[PDB]
Structure formats: C-alpha cells, structure tokens
Amino acid sequence: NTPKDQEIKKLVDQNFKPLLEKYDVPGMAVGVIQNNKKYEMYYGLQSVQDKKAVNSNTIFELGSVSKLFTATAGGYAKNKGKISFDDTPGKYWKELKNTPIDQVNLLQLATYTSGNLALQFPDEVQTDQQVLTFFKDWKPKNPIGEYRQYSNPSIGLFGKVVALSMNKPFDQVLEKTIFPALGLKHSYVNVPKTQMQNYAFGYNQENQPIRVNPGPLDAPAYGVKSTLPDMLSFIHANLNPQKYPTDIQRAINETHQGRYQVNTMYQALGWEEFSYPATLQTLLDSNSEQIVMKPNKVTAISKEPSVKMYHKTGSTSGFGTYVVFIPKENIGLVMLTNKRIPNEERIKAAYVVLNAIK
Ligand SMILES: *[B]([O])([O])[C]([C]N1[C]=C(C([O])=O)N=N1)[N]C(=O)[C]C1=[C][C]=[C]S1
C-alpha cells in the first residue's frame, strides 16, 4: 500500500526539498521520529568546494536550538538540588553578590525577563573578564519578571551559573554529563580535530562558506553542533522522558513546564509551547519580529492546556535549525541546513509534513 518510510520521504520531498532550489541552500538534513521509528533524509552538500555529501555523520551548527541543551542542564542541576530557580546569580558567581543583577532570579534569566538585557552582548565584550564587568555594571530598566526580551546574555548567564553549581565549565557540563545522559554520541560544544572532516561549512547570503565566530557565553546561547541521528535521539528523549534514568528524565520534564504566556505562546525552559492542536498561524506568530526582537509584557498562564506541542528555531550566520515535537501523536521532526532560510518556511514545511503523516 506504500511503505511508511517511502510515504515520509515523499512528504519531505514535497515540502522541504523545494526550499533548496528556492533559497539556494547547499545541504539539508530532515528527520522524523514516529512511535520510536526514525526516518532520516539527506540532501545536497556539507561542503560545496570538497563535493562532500550531507549524510548521517554531518555535524551542523544548531544556533539557538543550543538553548534547549542549556535548559536541560538547568533542569538537571535543579532536580539534583544544586540550584533552585528562585536563587540569584550572586549565590554562585560570587563577584555578582549584592550587585543589581543579583536582584534577578535564575528562572527570570533563563526565560528572558530581567527587564534590561538585549539580544546580543555589545560587540566589545569578549573575554571572561569583560563578561564579568558587563554584569557587575548592569542596572535595571523595566520591572523585573514582567517583560520578555529574547536574549543571549540572559540565558548565557543562566548557563554559566548552572555550570558553576556543578563545578565544571559549561562545555564539560554538556560534553561529560548531559550529552552522555541523553545518549548522544556526536554532539559538541567544541568539535575535536578528529571530527572536523564531518563539520559542514555554513553558507552566508552570498553562498560564501563560513563557520560560527567565538563569542561571550556563546556555548549556552548558540554554540552546540550535532548530527541528524543525535537530534532525533534528543527528540526521542523529549517524547519519552520516562524511558530515561531519573536525573535526566526529571530534567527533560522540567524543560516542558510553561512559565508564562505571550498570547498563544507559552514560554517553557528553552522550548516554546503551545496548546495542541495548534494552527499554523499560532506557530508562525511565535517567530514574528515583534516577539523575537522587541520586549513584550508577559501574562500569567490562565489556561493550562491538557495537551501541548513544542518547538524551537535556531540560526547561526551560516546554518538554520528547527525542532518540533507533539507528545500526543508520539511524533517529532528535525531540520538542519547549512544556510539560513526564513523561519516561516521551516515552520510551515514541518507543519504540513507532520499533519499529513498517516
Ligand atoms: B537564536 O538562533 O534564536 C539566536 C538569535 N538570532 C539572531 C539572529 C540574527 O541576528 O539574524 N538569528 N537568530 N541566534 C544567534 O544569536 C546566533 C547568531 C548570531 C548572528 C547571526 S545568528
């Protein structure tokens, strides 16, 4: 009657494959997981100049999807009693004790509500000392906890604090503790010399080959690299947290808890959450210029839905990512590209595929 894998391949070919020609994207990996079966589809080239095909070993930059690993590490720490989300940063980074930023709690930092932290650090902040000084010098603007402004520094600081609580630097937290707990084998903060042959180039808007630049608190905000099989395993863990040991199970479940809303989007830890079924437009609205780039007053959750879906977009200058999962249908999807394409196109292609399967 047509086997499931060919059916999924056809749906992906209908919806994702034409994006490659349309946006001149050299390579793409799309996976679906459904009831513990994994489907992997690969297209084009990880390196144009080397004529190297995209494949199950290709390492892609996840950009802001990296925030999901940061949130997971925070969930892991918290459920191990190493932090409380009501703590402030000065408890762990002692140089911030009794400074204005120490009036902001960990949860407000992870969910972008300090009320005065912008998308990026200033370009001049690079070293560990400059990051410290930035935070010591910080002062409040909007009332703490009431306005969401999506921010690398805000969740970067959370990440740093989480690492300090676990007595390891943040790259070691992911590479030694969190990745191995999720069973991931090819995910990295720092890609080692022996895997560089698998690290795709990203491609900028003139299709020039580029990779992410080092930056302040880059790892917790946008600095993870992974493969399609790994990303499918991560979606599998979010769909089936009960199959994992206690510590990481509780961590995953902690990332799913909604904390506030901005209209139809519930801000969980890392993940954005929606009432399921969700319309396409609700998912598109989560990624509008007004939500992503500007401050928005938040609202206490006044309807908690029974059934939810979760997504997150991510980009670096040279790469695009989108992950989405729906626990009720035990289904999820990952897209990786080595050229940014509009977030709208990622969300819609994924919407059509997930809704058509079966
Ligand atoms: B994440 O991917 O949501 C995050 C935020 N962001 C900024 C941009 C942009 O400047 O167009 N796209 N996504 N990503 C990053 O901060 C990593 C990047 C740095 C520069 C371009 S993407």
Side-chain angles (χ1 to χ4, degrees), residues 23 25 59-72 109-114 117-126 131 134 148-160 170 174 187-191 199-226 231 234 255 262 265-274 283-288 290-296 310-324 334-343 345-347 350:
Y23 299 97
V25 178
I59 302 171
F60 288 90
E61 297 175 0
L62 307 171
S64 286
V65 165
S66 304
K67 299 172 167 78
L68 306 186
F69 294 101
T70 313
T72 304
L109 289 177
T111 63
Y112 326 111
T113 61
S114 73
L117 292 169
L119 181 63
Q120 304 290 9
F121 283 101
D123 306 330
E124 73 177 334
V125 172
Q126 296 295 319
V131 172
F134 181 86
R148 175 183 191 279
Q149 165 112 83
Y150 185 59
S151 183
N152 290 335
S154 183
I155 198 172
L157 180 57
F158 176 81
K160 182 144 179 53
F170 186 83
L174 303 194
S187 306
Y188 307 98
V189 173
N190 302 299
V191 173
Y199 190 172
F201 285 114
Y203 289 90
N204 73 6
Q205 303 308 296
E206 298 66 43
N207 284 55
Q208 297 293 13
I210 54 155
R211 287 194 180 112
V212 66
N213 291 317
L217 303 191
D218 51 5
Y222 57 80
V224 176
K225 301 97 187 180
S226 188
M231 286 313 287
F234 183 62
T255 73
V262 197
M265 172 186 94
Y266 298 80
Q267 186 60 74
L269 222 62
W271 296 100
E272 297 158 17
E273 176 190 19
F274 310 89
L283 303 168
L284 302 176
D285 289 343
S286 76
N287 273 244
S288 61
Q290 170 70 32
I291 297 302
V292 176
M293 294 303 285
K294 280 155 190 191
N296 293 274
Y310 300 89
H311 81 187
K312 178 78 181 92
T313 61
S315 299
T316 53
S317 305
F319 284 90
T321 311
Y322 183 60
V323 300
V324 53
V334 187
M335 189 214 77
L336 317 169
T337 59
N338 66 345
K339 178 178 184 187
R340 294 181 87 174
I341 67 160
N343 289 324
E345 299 275 23
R346 313 175 198 184
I347 300 165

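Heads up: numbering here begins at 1 and tracks the sequence. Both backbone and side-chain heavy atoms feed into the values below; hydrogens, waters and symmetry mates do not. Whatever order the structure lists ligands and atoms in, that order sets their numbers, starting from 1.
- Between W271 and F234, the ring-plane angle classifies as parallel under the 30° and 60° cut-offs.
- Closest protein heavy atom to atom 19 (C) of ligand 1: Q120 NE2, 3.9 Å.
- When heavy-atom distances to ligand 1 are checked against a 4.0 Å cut-off, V65 has no atom that comes that close, whether in backbone or side chain.
- Atom 20 (C) of ligand 1 has its closest protein heavy atom at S317 OG, 4.0 Å.
- Near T316, meaning under 4.0 Å from one of its heavy atoms, ligand 1 places the atoms 22 (S).
- Remark: the backbone N or O of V323 is not paired with any side-chain donor or acceptor of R346 at under 3.5 angstrom.
- Protein heavy atom at the shortest distance from atom 16 (O) of ligand 1 is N152 ND2, 2.8 Å.
- Using a 4.0 angstrom heavy-atom cutoff, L119 counts as in contact with ligand 1.
- A donor-acceptor contact under 3.5 angstrom links the side chains of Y23 and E345, judged on distance only.
- If you number the atoms of ligand 1 from 1 as listed, the ones under 4.0 Å from a heavy atom of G314 come out as 2 (O).
- Taken from CZ in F274 to OH in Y310, the straight-line distance is 11.0 Å, to the nearest 0.5 Å.
- The closest non-hydrogen atom to atom 18 (C) of ligand 1, taken over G320, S315, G63, comes from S315.
- Protein heavy atom closest to atom 8 (C) of ligand 1, with residue, atom name and distance, is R340 NH2, 3.6 Å.
- Of all protein heavy atoms, the one closest to atom 4 (C) of ligand 1 is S64 OG, 2.4 Å.
- Neither the backbone nor the side chain of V292 has a heavy atom within less than 4.0 Å of ligand 1.
- A donor and an acceptor atom, one from each side chain of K225 and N190, are nowhere located under 3.5 Å apart.
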